[PDB]
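*Asks:* There's a structure below that I have some questions on.
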Amino acid sequence: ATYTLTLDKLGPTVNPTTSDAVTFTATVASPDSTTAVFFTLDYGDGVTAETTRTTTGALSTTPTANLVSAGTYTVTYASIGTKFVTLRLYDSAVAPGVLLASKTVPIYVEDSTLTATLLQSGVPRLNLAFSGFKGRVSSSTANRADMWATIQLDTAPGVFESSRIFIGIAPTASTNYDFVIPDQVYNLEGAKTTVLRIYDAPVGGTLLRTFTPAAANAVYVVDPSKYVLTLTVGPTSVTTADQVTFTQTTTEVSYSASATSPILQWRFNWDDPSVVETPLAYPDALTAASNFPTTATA
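As numbered in the authors' numbering, residues 43 to 340 make up the sequence shown, in order.
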């Protein structure tokens, strides 16, 4: 009489807010008891009661395919915070049957009143302290309570949430309140899904908001040593009367690590006080939205 219950939220992919409905996914796998049991789902909101018992069918070692279908199992939460959903398995549809098994899953309901965003001024460097991160919060309601922020560098198993940093009160409504983040050191070259979590308590509590940058502008850690630069200038040994020629076409920049990379501005300085260095400019035939090329480009 062993039962393995897997419960999760199929939708939405992100943590649900107050308004959006939540749909669940539940599977049951019995290693030895191949029979039929009745499942009930409690949403834990308090307003809605426990759902009626419903049959599961003949169980087996492999889990049943989404025992909780779309149906009317969706539920929207009127309050933010940590809710608990419970899937319970009983022998008989009548009440009160024998409670064969129970499983509990926590759902985090953020609030739509507060919008949090994370902006990075620069591009992070591998194994180098990056201090370009910045957080911003805007609350539609006025007099928002004092907040705290944590930043998770990546979703990799080894990465952990950072210690919470204090974010002051946000009295004025519908305004952008700004704060800084302590410098974070990355460990792997490539794209990372850095996330920002705004909490209402320093030691733990409700999850006010979770923000993740769009895949169009995602955090990318690049190795400075991986860049390849081929600079061609005039003759090395000359006098003050000679002419030193720097060829833009022959001079080339590239990034050998990967095809996808954030773009960078190339700037050239003659190391002479009389003439200032060239202004910032992208490589040839590249715009701001474009990616830094891998092949050799002028």
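Backbone N, C-alpha and C define an ideal beta-carbon position, used for all residues, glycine too.
Residue 148 by DSSP, collapsed to three states: which one?
*Replies:* Residue 148: strand per DSSP, three-state reduction.
*Asks:* Run through DSSP, which three-state label would residue 233 get?
*Replies:* Three-state result, residue 233: strand.
*Asks:* With DSSP collapsed to three states, give me the class of residue 267.
*Replies:* The answer is helix: DSSP assigns residue 267 an H, G or I state.
*Asks:* When the Cα atoms are used, what is the spatial distance from residue 230 to residue 195?
*Replies:* Computed Cα separation, rounded: 11 Å.
*Asks:* Do you know offhand how far residue 335's Cα is from residue 228's?
*Replies:* Spanning the two alpha carbons is a distance of roughly 23 Å.
*Asks:* Going by the DSSP bridge assignment, what does residue 219 pair with across the sheet?
*Replies:* 179, per the DSSP bridge assignment.
*Asks:* Just grab the DSSP bridge partners of residue 168 for me.
*Replies:* Looking at the DSSP assignment, residue 168 forms a beta bridge with 228.
*Asks:* Considering only DSSP beta bridges, list what residue 294 is partnered with.
*Replies:* The partner list for residue 294 (beta bridge, DSSP) reads 272.
*Asks:* Where do the N-terminal and C-terminal ends of the beta strand (DSSP E) with residue 45 fall, by residue?
*Replies:* From DSSP, residue 45 is part of no beta strand (DSSP E); its letter is neither H nor E.
*Asks:* The beta strand (DSSP E) with residue 312 in it runs from where to where?
*Replies:* Element bounds for residue 312: n/a, residue is neither H nor E.
*Asks:* Where do the ends of the beta strand (DSSP E) carrying residue 194 lie?
*Replies:* 189-194 is the extent of the beta strand (DSSP E) around residue 194.
*Asks:* Give every residue of the same chain whose Cβ lies closer than 6 Å to the Cβ of residue 239, excluding the five residues on either side of it in the sequence, and list them in chain order.
*Replies:* So the list reads 192, 252, once near-sequence residues are dropped.
*Asks:* What residues in its chain sit with their C-beta under 7 Å from that of residue 298, if we drop five residues either side in the sequence?
*Replies:* Cβ within range, chain order: 268, 270, 336.
*Asks:* On a CA-only basis, which of 131, 43, 126 is nearest residue 79? Give me that one, please.
*Replies:* Per the Cα distances, 131.
*Asks:* Starting from residue 288, trace the beta strand (DSSP E) in both directions and tell me its first and last residue.
*Replies:* Premise fails: residue 288 is in no beta strand (DSSP E) and is neither H nor E.
*Asks:* Mind checking residue 212: buried by the 16 CB within 10 Å criterion, or exposed?
*Replies:* By the 10 Å Cβ count, residue 212 comes out buried.
*Asks:* Could you pull out every residue in the same chain whose Cβ sits closer than 7 Å to the Cβ of residue 332, ignoring the five residues on either side in sequence?
*Replies:* Closer than 7 Å at the Cβ level, and outside the excluded window around residue 332, lie 305.
*Asks:* Would you check if the distance between the CB atom of residue 98 and the CB atom of residue 70 is smaller than 7 Å?
*Replies:* Yes, the Cβ-Cβ distance between residue 98 and residue 70 is below 7 Å.
*Asks:* Measuring alpha carbon to alpha carbon, tell me which of 312, 122, 325, 246 ends up nearest residue 190.
*Replies:* Of 312, 122, 325, 246, the residue nearest in Cα terms is 246.
*Asks:* Residue 323 by DSSP, collapsed to three states: which one?
*Replies:* Reduced to three states, the DSSP call for residue 323 is strand.
*Asks:* Mapping DSSP to helix, strand and coil, what is residue 212?
*Replies:* Note: residue 212 maps to strand in three-state DSSP.
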